[PDB]
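Peer 1: My structure is in upload_25.csv, and what it holds is CSV, N, CA and C atoms and all ligand atoms:
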```csv
chain,number,residue,atom,x,y,z
I,7,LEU,N,-6.1,3.5,-16.5
I,7,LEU,CA,-5.2,4.7,-16.8
I,7,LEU,C,-3.8,4.3,-16.5
I,8,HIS,N,-2.9,5.2,-16.9
I,8,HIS,CA,-1.5,4.9,-16.6
I,8,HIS,C,-0.8,6.2,-16.1
I,9,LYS,N,0.1,6.0,-15.2
I,9,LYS,CA,0.9,7.1,-14.7
I,9,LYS,C,2.0,7.4,-15.7
I,10,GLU,N,2.5,8.6,-15.7
I,10,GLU,CA,3.6,9.0,-16.5
I,10,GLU,C,4.4,10.0,-15.8
I,11,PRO,N,5.7,10.2,-16.2
I,11,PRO,CA,6.5,11.2,-15.4
I,11,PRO,C,6.0,12.6,-15.5
I,12,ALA,N,6.2,13.4,-14.5
I,12,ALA,CA,5.9,14.8,-14.5
I,12,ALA,C,7.1,15.6,-14.0
I,13,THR,N,7.2,16.8,-14.4
I,13,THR,CA,8.3,17.7,-14.0
I,13,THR,C,7.7,18.9,-13.3
I,14,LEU,N,7.8,19.0,-12.0
I,14,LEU,CA,7.2,20.1,-11.2
I,14,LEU,C,8.1,21.3,-11.4
I,15,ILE,N,7.5,22.4,-11.8
I,15,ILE,CA,8.1,23.7,-11.7
I,15,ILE,C,7.9,24.3,-10.3
I,16,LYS,N,6.6,24.3,-9.9
I,16,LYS,CA,6.3,24.9,-8.6
I,16,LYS,C,4.8,24.6,-8.2
I,17,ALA,N,4.4,24.4,-7.0
I,17,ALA,CA,3.0,24.4,-6.6
I,17,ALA,C,2.5,25.8,-6.7
I,18,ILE,N,1.2,25.9,-7.0
I,18,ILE,CA,0.5,27.2,-7.1
I,18,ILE,C,-0.4,27.4,-5.9
I,19,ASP,N,-1.4,26.5,-5.8
I,19,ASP,CA,-2.3,26.6,-4.7
I,19,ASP,C,-2.9,25.2,-4.4
I,20,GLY,N,-4.0,25.1,-3.6
I,20,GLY,CA,-4.4,23.8,-3.2
I,20,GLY,C,-4.7,22.8,-4.4
I,21,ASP,N,-5.1,23.3,-5.5
I,21,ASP,CA,-5.5,22.4,-6.6
I,21,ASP,C,-5.0,22.7,-7.9
I,22,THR,N,-3.9,23.5,-7.9
I,22,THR,CA,-3.1,23.7,-9.2
I,22,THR,C,-1.7,23.7,-8.9
I,23,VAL,N,-0.9,23.2,-9.9
I,23,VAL,CA,0.5,23.2,-9.9
I,23,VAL,C,1.0,23.6,-11.3
I,24,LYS,N,2.3,24.0,-11.3
I,24,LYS,CA,2.9,24.4,-12.6
I,24,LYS,C,3.9,23.3,-12.9
I,25,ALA,N,3.8,22.8,-14.1
I,25,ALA,CA,4.6,21.7,-14.6
I,25,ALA,C,5.2,22.0,-15.9
I,26,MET,N,6.4,21.4,-16.2
I,26,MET,CA,7.0,21.5,-17.5
I,26,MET,C,6.5,20.3,-18.3
I,27,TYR,N,5.6,20.5,-19.3
I,27,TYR,CA,5.0,19.4,-20.0
I,27,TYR,C,5.5,19.5,-21.5
I,28,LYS,N,6.3,18.5,-21.9
I,28,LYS,CA,7.0,18.5,-23.2
I,28,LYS,C,7.6,19.9,-23.5
I,29,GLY,N,8.4,20.3,-22.4
I,29,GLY,CA,9.1,21.6,-22.6
I,29,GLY,C,8.3,22.8,-22.6
I,30,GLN,N,7.0,22.8,-22.2
I,30,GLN,CA,6.2,24.0,-22.0
I,30,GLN,C,5.8,24.1,-20.6
I,31,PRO,N,5.9,25.3,-20.0
I,31,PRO,CA,5.4,25.5,-18.6
I,31,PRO,C,3.9,25.6,-18.7
I,32,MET,N,3.2,24.9,-17.9
I,32,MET,CA,1.8,24.7,-18.1
I,32,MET,C,1.2,24.5,-16.7
I,33,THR,N,0.1,25.1,-16.4
I,33,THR,CA,-0.7,24.9,-15.2
I,33,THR,C,-1.5,23.6,-15.3
I,34,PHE,N,-1.4,22.8,-14.3
I,34,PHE,CA,-2.2,21.6,-14.2
I,34,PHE,C,-3.2,21.8,-13.1
I,35,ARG,N,-4.5,21.5,-13.4
I,35,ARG,CA,-5.6,21.6,-12.5
I,35,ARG,C,-5.9,20.2,-12.1
I,36,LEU,N,-6.0,19.9,-10.8
I,36,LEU,CA,-6.3,18.6,-10.3
I,36,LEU,C,-7.7,18.2,-10.6
I,37,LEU,N,-7.9,17.0,-11.2
I,37,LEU,CA,-9.2,16.5,-11.5
I,37,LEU,C,-10.0,16.2,-10.2
I,38,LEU,N,-11.3,16.4,-10.3
I,38,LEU,CA,-12.4,15.9,-9.4
I,38,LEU,C,-12.4,16.6,-8.1
I,39,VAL,N,-11.6,17.6,-7.9
I,39,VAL,CA,-11.6,18.3,-6.5
I,39,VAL,C,-11.7,19.8,-6.7
I,40,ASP,N,-12.0,20.4,-5.6
I,40,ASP,CA,-12.0,21.8,-5.4
I,40,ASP,C,-11.5,22.2,-4.1
I,41,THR,N,-10.4,22.9,-4.1
I,41,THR,CA,-9.9,23.5,-2.8
I,41,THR,C,-10.4,24.9,-2.7
I,42,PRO,N,-10.4,25.4,-1.4
I,42,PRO,CA,-10.7,26.9,-1.3
I,42,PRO,C,-9.7,27.7,-2.0
I,43,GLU,N,-10.0,29.0,-2.3
I,43,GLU,CA,-9.0,29.9,-2.8
I,43,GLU,C,-8.1,30.3,-1.7
I,50,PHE,N,-6.9,30.7,-2.0
I,50,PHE,CA,-5.9,31.0,-1.0
I,50,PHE,C,-6.3,31.9,0.2
I,51,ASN,N,-7.2,32.8,-0.1
I,51,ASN,CA,-7.5,33.7,1.1
I,51,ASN,C,-8.8,33.4,1.7
I,52,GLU,N,-9.4,32.2,1.4
I,52,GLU,CA,-10.6,31.7,2.0
I,52,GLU,C,-10.2,30.7,3.1
I,53,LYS,N,-11.2,30.5,4.0
I,53,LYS,CA,-10.9,29.6,5.0
I,53,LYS,C,-10.5,28.2,4.5
I,54,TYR,N,-9.4,27.7,5.1
I,54,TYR,CA,-8.7,26.5,4.7
I,54,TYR,C,-7.9,26.6,3.4
I,55,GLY,N,-8.0,27.8,2.8
I,55,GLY,CA,-7.1,28.1,1.6
I,55,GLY,C,-5.6,27.9,1.8
I,56,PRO,N,-5.1,28.6,2.8
I,56,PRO,CA,-3.7,28.5,3.1
I,56,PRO,C,-3.3,27.1,3.5
I,57,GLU,N,-4.1,26.4,4.2
I,57,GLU,CA,-3.9,25.0,4.6
I,57,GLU,C,-3.9,24.1,3.4
I,58,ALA,N,-4.8,24.3,2.5
I,58,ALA,CA,-4.9,23.4,1.3
I,58,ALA,C,-3.7,23.7,0.4
I,59,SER,N,-3.3,25.0,0.3
I,59,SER,CA,-2.1,25.3,-0.5
I,59,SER,C,-0.9,24.7,0.1
I,60,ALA,N,-0.7,24.8,1.4
I,60,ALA,CA,0.4,24.3,2.1
I,60,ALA,C,0.5,22.8,2.0
I,61,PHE,N,-0.6,22.1,2.1
I,61,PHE,CA,-0.6,20.6,2.0
I,61,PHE,C,-0.2,20.2,0.6
I,62,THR,N,-0.8,20.7,-0.4
I,62,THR,CA,-0.4,20.4,-1.8
I,62,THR,C,1.1,20.7,-2.0
I,63,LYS,N,1.5,21.9,-1.6
I,63,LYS,CA,2.9,22.3,-1.8
I,63,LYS,C,3.9,21.4,-1.2
I,64,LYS,N,3.7,21.1,0.1
I,64,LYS,CA,4.6,20.2,0.8
I,64,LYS,C,4.5,18.8,0.2
I,65,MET,N,3.4,18.3,-0.2
I,65,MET,CA,3.3,17.0,-0.7
I,65,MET,C,4.0,16.8,-2.0
I,66,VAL,N,3.9,17.8,-3.0
I,66,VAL,CA,4.6,17.7,-4.2
I,66,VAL,C,6.1,18.1,-4.1
I,67,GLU,N,6.4,19.1,-3.3
I,67,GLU,CA,7.8,19.6,-3.3
I,67,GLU,C,8.7,18.5,-2.5
I,68,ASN,N,8.1,17.9,-1.5
I,68,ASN,CA,8.9,17.0,-0.7
I,68,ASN,C,9.1,15.7,-1.3
I,69,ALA,N,8.3,15.4,-2.3
I,69,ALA,CA,8.4,14.1,-3.0
I,69,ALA,C,9.7,13.9,-3.7
I,70,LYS,N,10.1,12.6,-3.8
I,70,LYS,CA,11.2,12.2,-4.7
I,70,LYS,C,10.8,12.3,-6.2
I,71,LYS,N,9.5,12.1,-6.5
I,71,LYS,CA,9.0,11.9,-7.8
I,71,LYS,C,7.7,12.5,-7.8
I,72,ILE,N,7.3,13.3,-8.8
I,72,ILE,CA,5.9,13.5,-9.2
I,72,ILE,C,5.5,12.7,-10.4
I,73,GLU,N,4.3,12.2,-10.5
I,73,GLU,CA,3.7,11.6,-11.7
I,73,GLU,C,2.4,12.2,-12.0
I,74,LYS,N,2.0,12.2,-13.2
I,74,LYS,CA,0.6,12.5,-13.6
I,74,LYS,C,-0.1,11.4,-14.3
I,75,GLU,N,-1.4,11.5,-14.3
I,75,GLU,CA,-2.3,10.5,-14.9
I,75,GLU,C,-3.4,11.2,-15.5
I,76,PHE,N,-3.5,11.2,-16.9
I,76,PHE,CA,-4.6,11.7,-17.6
I,76,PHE,C,-5.8,10.8,-17.4
I,77,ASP,N,-7.0,11.3,-17.4
I,77,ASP,CA,-8.2,10.4,-17.5
I,77,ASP,C,-8.5,10.2,-19.0
I,78,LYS,N,-9.7,9.7,-19.3
I,78,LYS,CA,-10.0,9.2,-20.7
I,78,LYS,C,-10.6,10.3,-21.6
I,79,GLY,N,-11.0,11.4,-20.9
I,79,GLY,CA,-11.7,12.5,-21.7
I,79,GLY,C,-10.8,13.7,-21.9
I,80,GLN,N,-11.3,14.9,-21.7
I,80,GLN,CA,-10.5,16.1,-22.0
I,80,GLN,C,-9.1,16.1,-21.2
I,81,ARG,N,-8.1,16.5,-21.9
I,81,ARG,CA,-6.8,16.7,-21.1
I,81,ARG,C,-6.4,18.1,-20.8
I,82,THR,N,-7.2,19.0,-21.4
I,82,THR,CA,-7.0,20.5,-21.1
I,82,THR,C,-8.4,21.0,-20.9
I,83,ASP,N,-8.5,22.1,-20.1
I,83,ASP,CA,-9.8,22.8,-19.9
I,83,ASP,C,-9.8,24.0,-20.7
I,84,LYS,N,-10.9,24.8,-20.6
I,84,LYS,CA,-11.2,25.9,-21.5
I,84,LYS,C,-10.1,27.0,-21.3
I,85,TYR,N,-9.3,26.9,-20.2
I,85,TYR,CA,-8.3,27.9,-19.8
I,85,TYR,C,-6.9,27.4,-20.2
I,86,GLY,N,-6.8,26.3,-20.9
I,86,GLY,CA,-5.5,25.8,-21.3
I,86,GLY,C,-4.8,25.1,-20.2
I,87,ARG,N,-5.5,24.8,-19.1
I,87,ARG,CA,-4.9,24.1,-18.0
I,87,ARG,C,-4.9,22.6,-18.3
I,88,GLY,N,-3.9,21.9,-18.0
I,88,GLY,CA,-4.0,20.5,-18.0
I,88,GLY,C,-4.8,19.9,-16.9
I,89,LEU,N,-5.5,18.8,-17.2
I,89,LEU,CA,-6.4,18.1,-16.2
I,89,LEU,C,-5.8,16.8,-16.0
I,90,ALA,N,-5.4,16.5,-14.7
I,90,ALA,CA,-4.8,15.3,-14.4
I,90,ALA,C,-5.1,14.9,-12.9
I,91,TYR,N,-4.8,13.6,-12.6
I,91,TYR,CA,-4.5,13.2,-11.2
I,91,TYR,C,-3.0,13.3,-11.0
I,92,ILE,N,-2.6,13.8,-9.9
I,92,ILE,CA,-1.2,14.0,-9.6
I,92,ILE,C,-0.8,13.1,-8.4
I,93,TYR,N,0.3,12.4,-8.6
I,93,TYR,CA,0.9,11.5,-7.5
I,93,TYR,C,2.2,11.9,-7.1
I,94,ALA,N,2.4,11.9,-5.8
I,94,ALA,CA,3.7,12.3,-5.1
I,94,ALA,C,4.2,11.0,-4.4
I,95,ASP,N,5.3,10.5,-5.0
I,95,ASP,CA,5.8,9.2,-4.5
I,95,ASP,C,4.7,8.1,-4.4
I,96,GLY,N,3.9,8.1,-5.4
I,96,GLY,CA,2.8,7.1,-5.6
I,96,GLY,C,1.5,7.4,-4.9
I,97,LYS,N,1.4,8.4,-4.1
I,97,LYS,CA,0.2,8.8,-3.3
I,97,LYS,C,-0.5,9.9,-4.1
I,98,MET,N,-1.8,9.7,-4.4
I,98,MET,CA,-2.5,10.7,-5.1
I,98,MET,C,-2.8,11.9,-4.3
I,99,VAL,N,-2.4,13.1,-4.8
I,99,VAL,CA,-2.6,14.3,-4.1
I,99,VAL,C,-4.1,14.6,-4.1
I,100,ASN,N,-4.8,14.3,-5.2
I,100,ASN,CA,-6.3,14.6,-5.3
I,100,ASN,C,-7.0,13.9,-4.1
I,101,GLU,N,-6.7,12.6,-4.0
I,101,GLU,CA,-7.3,11.9,-2.9
I,101,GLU,C,-6.9,12.3,-1.5
I,102,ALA,N,-5.7,12.7,-1.3
I,102,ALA,CA,-5.2,13.0,0.0
I,102,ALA,C,-5.9,14.3,0.5
I,103,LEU,N,-6.0,15.3,-0.4
I,103,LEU,CA,-6.7,16.5,-0.1
I,103,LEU,C,-8.1,16.3,0.4
I,104,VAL,N,-8.8,15.4,-0.4
I,104,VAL,CA,-10.2,15.2,0.0
I,104,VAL,C,-10.3,14.4,1.3
I,105,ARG,N,-9.4,13.5,1.5
I,105,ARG,CA,-9.4,12.7,2.7
I,105,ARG,C,-9.1,13.5,4.0
I,106,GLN,N,-8.4,14.6,3.8
I,106,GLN,CA,-8.1,15.5,5.0
I,106,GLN,C,-9.0,16.6,5.1
I,107,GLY,N,-10.1,16.6,4.3
I,107,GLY,CA,-11.1,17.7,4.3
I,107,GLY,C,-10.6,19.0,3.9
I,108,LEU,N,-9.6,19.0,3.0
I,108,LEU,CA,-9.1,20.3,2.4
I,108,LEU,C,-9.5,20.5,1.0
I,109,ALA,N,-10.3,19.6,0.4
I,109,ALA,CA,-10.9,19.8,-0.9
I,109,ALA,C,-12.3,19.0,-0.8
I,110,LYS,N,-13.2,19.5,-1.6
I,110,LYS,CA,-14.5,18.8,-1.9
I,110,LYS,C,-14.3,18.1,-3.2
I,111,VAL,N,-15.0,16.9,-3.3
I,111,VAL,CA,-15.2,16.3,-4.7
I,111,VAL,C,-16.0,17.3,-5.5
I,112,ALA,N,-15.6,17.6,-6.7
I,112,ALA,CA,-16.2,18.7,-7.5
I,112,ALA,C,-15.9,18.5,-8.9
I,113,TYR,N,-16.6,19.2,-9.8
I,113,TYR,CA,-16.3,19.2,-11.2
I,113,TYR,C,-16.2,17.8,-11.8
I,114,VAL,N,-17.2,17.0,-11.5
I,114,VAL,CA,-17.2,15.7,-12.0
I,114,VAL,C,-17.9,15.6,-13.3
I,115,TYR,N,-17.1,15.4,-14.4
I,115,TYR,CA,-17.7,15.3,-15.7
I,115,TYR,C,-17.5,13.9,-16.3
I,116,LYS,N,-18.6,13.4,-16.9
I,116,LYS,CA,-18.6,12.1,-17.5
I,116,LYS,C,-17.4,11.9,-18.5
I,117,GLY,N,-16.8,10.7,-18.4
I,117,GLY,CA,-15.6,10.5,-19.2
I,117,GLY,C,-14.3,11.1,-18.7
I,118,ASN,N,-14.3,11.9,-17.6
I,118,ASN,CA,-13.1,12.2,-16.9
I,118,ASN,C,-13.4,12.0,-15.4
I,119,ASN,N,-14.0,10.8,-15.1
I,119,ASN,CA,-14.4,10.5,-13.7
I,119,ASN,C,-14.0,9.2,-13.2
I,120,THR,N,-12.8,8.7,-13.7
I,120,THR,CA,-12.4,7.4,-13.3
I,120,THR,C,-12.2,7.2,-11.8
I,121,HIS,N,-11.7,8.2,-11.1
I,121,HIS,CA,-11.4,8.0,-9.6
I,121,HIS,C,-12.5,8.6,-8.8
I,122,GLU,N,-13.7,8.8,-9.4
I,122,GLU,CA,-14.8,9.4,-8.6
I,122,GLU,C,-15.1,8.7,-7.3
I,123,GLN,N,-15.4,7.4,-7.4
I,123,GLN,CA,-15.8,6.7,-6.2
I,123,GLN,C,-14.7,6.6,-5.1
I,124,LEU,N,-13.5,6.5,-5.5
I,124,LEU,CA,-12.4,6.5,-4.6
I,124,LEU,C,-12.4,7.8,-3.8
I,125,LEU,N,-12.6,8.9,-4.5
I,125,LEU,CA,-12.6,10.3,-3.9
I,125,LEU,C,-13.9,10.5,-3.1
I,126,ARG,N,-15.0,9.9,-3.5
I,126,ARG,CA,-16.2,10.0,-2.7
I,126,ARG,C,-16.1,9.3,-1.4
I,127,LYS,N,-15.4,8.1,-1.4
I,127,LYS,CA,-15.1,7.4,-0.2
I,127,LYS,C,-14.3,8.2,0.8
I,128,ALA,N,-13.2,8.9,0.3
I,128,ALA,CA,-12.4,9.7,1.1
I,128,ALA,C,-13.2,10.9,1.7
I,129,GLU,N,-14.1,11.5,0.8
I,129,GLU,CA,-14.9,12.6,1.3
I,129,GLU,C,-15.8,12.2,2.4
I,130,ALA,N,-16.4,11.1,2.3
I,130,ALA,CA,-17.3,10.6,3.3
I,130,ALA,C,-16.6,10.4,4.7
I,131,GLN,N,-15.4,9.9,4.6
I,131,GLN,CA,-14.6,9.7,5.8
I,131,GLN,C,-14.2,11.1,6.4
I,132,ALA,N,-13.9,12.1,5.6
I,132,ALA,CA,-13.5,13.4,6.1
I,132,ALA,C,-14.8,14.0,6.7
I,133,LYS,N,-15.9,13.8,6.1
I,133,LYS,CA,-17.2,14.3,6.7
I,133,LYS,C,-17.5,13.7,8.0
I,134,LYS,N,-17.4,12.4,8.1
I,134,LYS,CA,-17.7,11.6,9.3
I,134,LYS,C,-16.8,12.1,10.5
I,135,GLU,N,-15.5,12.5,10.2
I,135,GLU,CA,-14.5,13.0,11.1
I,135,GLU,C,-14.7,14.5,11.3
I,136,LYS,N,-15.5,15.2,10.6
I,136,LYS,CA,-15.8,16.6,10.7
I,136,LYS,C,-14.5,17.4,10.5
I,137,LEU,N,-13.7,17.0,9.5
I,137,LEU,CA,-12.4,17.6,9.2
I,137,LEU,C,-12.5,18.9,8.4
I,138,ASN,N,-11.8,19.9,8.8
I,138,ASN,CA,-11.6,21.1,8.1
I,138,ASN,C,-12.9,21.7,7.4
I,139,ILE,N,-13.0,21.6,6.1
I,139,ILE,CA,-14.2,22.1,5.4
I,139,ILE,C,-15.5,21.6,6.1
I,140,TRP,N,-15.5,20.4,6.5
I,140,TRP,CA,-16.6,19.8,7.1
I,140,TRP,C,-16.8,20.0,8.7
I,141,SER,N,-15.9,20.8,9.2
I,141,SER,CA,-15.9,21.0,10.7
I,141,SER,C,-17.1,22.0,11.1
J,201,LIG,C1,-11.5,20.7,-12.5
J,201,LIG,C2,-12.1,21.3,-13.8
J,201,LIG,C3,-12.4,22.6,-13.9
J,201,LIG,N1,-12.9,23.1,-15.1
J,201,LIG,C4,-13.3,24.5,-15.1
J,201,LIG,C5,-14.7,24.7,-14.6
J,201,LIG,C6,-14.8,26.1,-14.0
J,201,LIG,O1,-15.0,26.9,-15.2
J,201,LIG,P1,-15.7,28.3,-15.0
J,201,LIG,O2,-14.6,29.2,-14.4
J,201,LIG,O3,-16.1,28.8,-16.4
J,201,LIG,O4,-16.9,28.3,-14.0
J,201,LIG,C7,-13.3,26.2,-13.6
J,201,LIG,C8,-13.0,26.0,-12.1
J,201,LIG,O5,-11.6,26.2,-11.9
J,201,LIG,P2,-11.1,26.6,-10.5
J,201,LIG,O6,-11.7,25.9,-9.3
J,201,LIG,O7,-9.6,26.3,-10.6
J,201,LIG,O8,-11.3,28.2,-10.3
J,201,LIG,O9,-12.5,25.3,-14.4
J,201,LIG,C9,-13.0,22.3,-16.1
J,201,LIG,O10,-13.5,22.7,-17.2
J,201,LIG,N2,-12.8,21.0,-16.0
J,201,LIG,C10,-12.3,20.4,-14.9
J,201,LIG,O11,-12.1,19.2,-14.8
J,202,CA,CA,-10.4,26.0,-6.5
```
Turn this file's structure into structure tokens for me.
Ligand SMILES: Cc1cn([C@H]2C[C@H](OP(=O)(O)O)[C@@H](COP(=O)(O)O)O2)c(=O)[nH]c1=O
Ligand SMILES: [Ca+2]

Peer 2:
Amino acid sequence: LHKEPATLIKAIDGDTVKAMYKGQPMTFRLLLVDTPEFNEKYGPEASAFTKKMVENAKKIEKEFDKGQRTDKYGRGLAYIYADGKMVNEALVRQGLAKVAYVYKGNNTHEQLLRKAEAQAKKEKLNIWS
């Protein structure tokens, strides 16, 4: 896969952000992860982690996988990087997201994220506490 530039409009919650994609404001949904909803346990924490990671970055980038680039809701589906660090992976590593929604042909970073999830589980972090 390859990274490409992204233009952040605003973070929304733990696993969605709003981006300007070819001049269209568009929600992007992070691939391979599920954060809690904002008013569920660890919701506000997952939101804040994603928000600070993308807002405080010098650069956001996105990376499409090989399959669907949009979901049934018109959301873009990507891996998002903040100054080269993958937000999807960081959330899982800190126990703020589960690996989830793994579909064949959009699963390039599956094993990387499962390695992070196992470490968060071993450390009993957040969701796994
Ligand atoms: C992450 C992801 C979610 N989705 C869909 C599955 C769920 O659809 P259904 O709503 O029909 O169950 C929904 C979960 O999104 P959220 O976790 O953002 O609520 O988005 C995809 O189709 N592909 C994906 O890669
Ligand atoms: Ca969610």

Peer 1: Which residue, I:39, I:125, I:26, I:130, has the smallest gap to ligand CA 202 (chain J) when you use all atoms listed in the file?

Peer 2: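 The closest residue to ligand CA 202 (chain J) is I:39.
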
Peer 1: Considering only C-alpha atoms, can you say which of I:121, I:28, I:110, I:116 comes closest to residue 40 of chain I?

Peer 2: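 Once distances to residue 40 of chain I are computed over only C-alpha atoms, the minimum belongs to I:110.
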
Peer 1: Do you have the atom CA of residue 85 of chain I-atom CA of residue 31 of chain I distance handy?

Peer 2: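 Value for the atom CA of residue 85 of chain I-atom CA of residue 31 of chain I distance: 14.0 Å.
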
Peer 1: Which residues, written as a list in words, have at least one atom at most 6 Å from segment 71-73 of chain I, with only N, CA and C atoms counted and residues fewer than 3 positions away on the same chain left out?

Peer 2: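 After dropping sequence-adjacent residues, the list is residues 9, 10, 11, 12, 13, 91, 92, 93, 94 and 95 of chain I.
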
Peer 1: All residues within 7 Å of ligand LIG 201 (chain J) are required, counting only N, CA and C atoms and all ligand atoms; please report them as a PDB file with N, CA and C atoms, in the frame of the given file.

Peer 2:
```
ATOM      1  N   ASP I  21      -5.100  23.300  -5.500  1.00  0.00           N
ATOM      2  CA  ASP I  21      -5.500  22.400  -6.600  1.00  0.00           C
ATOM      3  C   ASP I  21      -5.000  22.700  -7.900  1.00  0.00           C
ATOM      4  N   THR I  22      -3.900  23.500  -7.900  1.00  0.00           N
ATOM      5  CA  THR I  22      -3.100  23.700  -9.200  1.00  0.00           C
ATOM      6  C   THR I  22      -1.700  23.700  -8.900  1.00  0.00           C
ATOM      7  N   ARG I  35      -4.500  21.500 -13.400  1.00  0.00           N
ATOM      8  CA  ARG I  35      -5.600  21.600 -12.500  1.00  0.00           C
ATOM      9  C   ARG I  35      -5.900  20.200 -12.100  1.00  0.00           C
ATOM     10  N   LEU I  36      -6.000  19.900 -10.800  1.00  0.00           N
ATOM     11  CA  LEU I  36      -6.300  18.600 -10.300  1.00  0.00           C
ATOM     12  C   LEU I  36      -7.700  18.200 -10.600  1.00  0.00           C
ATOM     13  N   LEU I  37      -7.900  17.000 -11.200  1.00  0.00           N
ATOM     14  CA  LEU I  37      -9.200  16.500 -11.500  1.00  0.00           C
ATOM     15  C   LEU I  37     -10.000  16.200 -10.200  1.00  0.00           C
ATOM     16  N   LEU I  38     -11.300  16.400 -10.300  1.00  0.00           N
ATOM     17  CA  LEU I  38     -12.400  15.900  -9.400  1.00  0.00           C
ATOM     18  C   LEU I  38     -12.400  16.600  -8.100  1.00  0.00           C
ATOM     19  N   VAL I  39     -11.600  17.600  -7.900  1.00  0.00           N
ATOM     20  CA  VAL I  39     -11.600  18.300  -6.500  1.00  0.00           C
ATOM     21  C   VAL I  39     -11.700  19.800  -6.700  1.00  0.00           C
ATOM     22  N   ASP I  40     -12.000  20.400  -5.600  1.00  0.00           N
ATOM     23  CA  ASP I  40     -12.000  21.800  -5.400  1.00  0.00           C
ATOM     24  C   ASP I  40     -11.500  22.200  -4.100  1.00  0.00           C
ATOM     25  N   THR I  41     -10.400  22.900  -4.100  1.00  0.00           N
ATOM     26  CA  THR I  41      -9.900  23.500  -2.800  1.00  0.00           C
ATOM     27  C   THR I  41     -10.400  24.900  -2.700  1.00  0.00           C
ATOM     28  N   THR I  82      -7.200  19.000 -21.400  1.00  0.00           N
ATOM     29  CA  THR I  82      -7.000  20.500 -21.100  1.00  0.00           C
ATOM     30  C   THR I  82      -8.400  21.000 -20.900  1.00  0.00           C
ATOM     31  N   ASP I  83      -8.500  22.100 -20.100  1.00  0.00           N
ATOM     32  CA  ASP I  83      -9.800  22.800 -19.900  1.00  0.00           C
ATOM     33  C   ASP I  83      -9.800  24.000 -20.700  1.00  0.00           C
ATOM     34  N   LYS I  84     -10.900  24.800 -20.600  1.00  0.00           N
ATOM     35  CA  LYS I  84     -11.200  25.900 -21.500  1.00  0.00           C
ATOM     36  C   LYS I  84     -10.100  27.000 -21.300  1.00  0.00           C
ATOM     37  N   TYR I  85      -9.300  26.900 -20.200  1.00  0.00           N
ATOM     38  CA  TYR I  85      -8.300  27.900 -19.800  1.00  0.00           C
ATOM     39  C   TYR I  85      -6.900  27.400 -20.200  1.00  0.00           C
ATOM     40  N   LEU I  89      -5.500  18.800 -17.200  1.00  0.00           N
ATOM     41  CA  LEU I  89      -6.400  18.100 -16.200  1.00  0.00           C
ATOM     42  C   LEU I  89      -5.800  16.800 -16.000  1.00  0.00           C
ATOM     43  N   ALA I 112     -15.600  17.600  -6.700  1.00  0.00           N
ATOM     44  CA  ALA I 112     -16.200  18.700  -7.500  1.00  0.00           C
ATOM     45  C   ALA I 112     -15.900  18.500  -8.900  1.00  0.00           C
ATOM     46  N   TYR I 113     -16.600  19.200  -9.800  1.00  0.00           N
ATOM     47  CA  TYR I 113     -16.300  19.200 -11.200  1.00  0.00           C
ATOM     48  C   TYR I 113     -16.200  17.800 -11.800  1.00  0.00           C
ATOM     49  N   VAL I 114     -17.200  17.000 -11.500  1.00  0.00           N
ATOM     50  CA  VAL I 114     -17.200  15.700 -12.000  1.00  0.00           C
ATOM     51  C   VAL I 114     -17.900  15.600 -13.300  1.00  0.00           C
ATOM     52  N   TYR I 115     -17.100  15.400 -14.400  1.00  0.00           N
ATOM     53  CA  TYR I 115     -17.700  15.300 -15.700  1.00  0.00           C
ATOM     54  C   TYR I 115     -17.500  13.900 -16.300  1.00  0.00           C
TER      55      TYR I 115
END
```

Peer 1: Between I:23, I:32, I:78, I:50, single out the one closest to ligand CA 202 (chain J), counting only C-alpha atoms and all ligand atoms.

Peer 2: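 With only C-alpha atoms and all ligand atoms as the atom set, the closest residue is I:50.
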
Peer 1: Give me, please, the distance in Å between atom CA of residue 69 of chain I and atom C of residue 90 of chain I, quoted to one decimal.

Peer 2: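 The value is 16.8 Å.
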
Peer 1: Applying 6 Å and all atoms listed in the file, which residues near segment 55-68 of chain I remain after dropping the ones on its own chain fewer than 2 positions away? List them as an NGL selection string.

Peer 2: :I and (17 or 19-20 or 42-43 or 50-53 or 70 or 94 or 108)

Peer 1: May I ask for the distance between atom N of residue 122 of chain I and atom C of residue 106 of chain I, given in Å to one decimal place?

Peer 2: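 Interatomic distance, atom N of residue 122 of chain I to atom C of residue 106 of chain I: 17.1 Å.
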
Peer 1: Among segment 20-138 of chain I, which residues carry a DSSP assignment of helix (DSSP H, G or I), reported as a PyMOL selection string?

Peer 2: chain I and resi 55-67+99-105+122-134+138

Peer 1: Run DSSP on the backbone and give me the residues of segment 34-122 of chain I it puts in strand (DSSP E or B), as a ChimeraX atom specification.

Peer 2: /I:34-36,39-40,72-75,82,88-94,97-98,110-111

Peer 1: Let me make sure I understand: among I:133, I:140, I:109, I:101, which one has the smallest atom-to-atom distance to ligand CA 202 (chain J) if we use only C-alpha atoms and all ligand atoms?

Peer 2: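 When distances to ligand CA 202 (chain J) are compared using only C-alpha atoms and all ligand atoms, the smallest one comes from I:109.
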